Amino acid sequence: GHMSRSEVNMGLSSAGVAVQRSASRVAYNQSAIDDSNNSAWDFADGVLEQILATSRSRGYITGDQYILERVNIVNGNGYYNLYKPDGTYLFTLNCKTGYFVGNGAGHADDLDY
């Protein structure tokens, strides 16, 4: 919610933030993460802004006060975690589908991998 429509970004800086990474539903695979050149990391168009628009609606975040992070590549469905400005894990989303998965008592909510 800065440019106009369809942006896709991390919205806040996860630098110094106390972000919950161990709370992630998908593996933080730094090899796929560093493989960032993948289109597995290209969500689509305002797809993130969707999930984010949703996140705020859900009560996960506000505006672009979110902290998104690259996590994993499954099938090329590059998964991104959404965090609070405090780094609090909200969910793991699929960039390629704009789907998003929640977390619980150590179970696959939407997961399969």
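If you look the protein up in the PDB entry, it shows as Mid-cell-anchored protein Z from Streptococcus pneumoniae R6. The record for the entry shows the title "Solution structure of MapZ extracellular domain second subdomain".

Quick look at the nonpolar core now. The biggest cluster of nonpolar side chains holds 31 residues, and the ones touching the most others in it are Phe 43, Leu 68, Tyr 80, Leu 82 and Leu 93. Going through the elements one at a time, α1 (30-33), α2 (47-58), β1 (67-72), β2 (79-83) and β3 (89-94) are the ones with two or more residues in this core. Residues contacting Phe 43, with those up to four places away along its chain left out, are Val 8, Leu 48, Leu 68, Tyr 80, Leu 93, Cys 95 and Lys 96.

Take the sheet that holds strand β4 (residues 100-101) next. Here four strands make up an open sheet; going across it, the order is β1-β2-β3-β4 and the pairing antiparallel. Because the sheet does not close on itself, it has two edges, and the strands there are β1 and β4. As defined by bridge partners, β3 adjoins β4 across two bridges and the pair is classed as antiparallel. Looking across to β4, one finds that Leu 93 is bridged to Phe 100.

Summarising the element assignment, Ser 55 is placed in helix α2. The buried category is assigned to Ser 55, whose relative accessible area is 0%. Remark: the alpha-carbon pair of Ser 55 and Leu 82, spanning 27 residues in sequence, is separated by 8.5 Å. Excluding its chain neighbours within four sequence positions, the residues that come into contact with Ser 55 are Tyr 60, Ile 61, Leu 82 and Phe 91.

Calculation notes
Residues numbered from 1 in each chain as written, not as in the entry; some residues may be left out. Heavy atoms only, no water. Core = buried A, V, L, I, M, F, W, Y, C linked by side-chain atoms within 4.5 Å. Buried < 20%, exposed > 50% of the residue type's maximum accessible area, 1.4 Å probe, protein only. Helix = DSSP H or I, 4+ residues; strand = E, 2+ residues; numbered from the N terminus. Contact = heavy atoms within 4.5 Å. Pairing = 2+ DSSP bridges.

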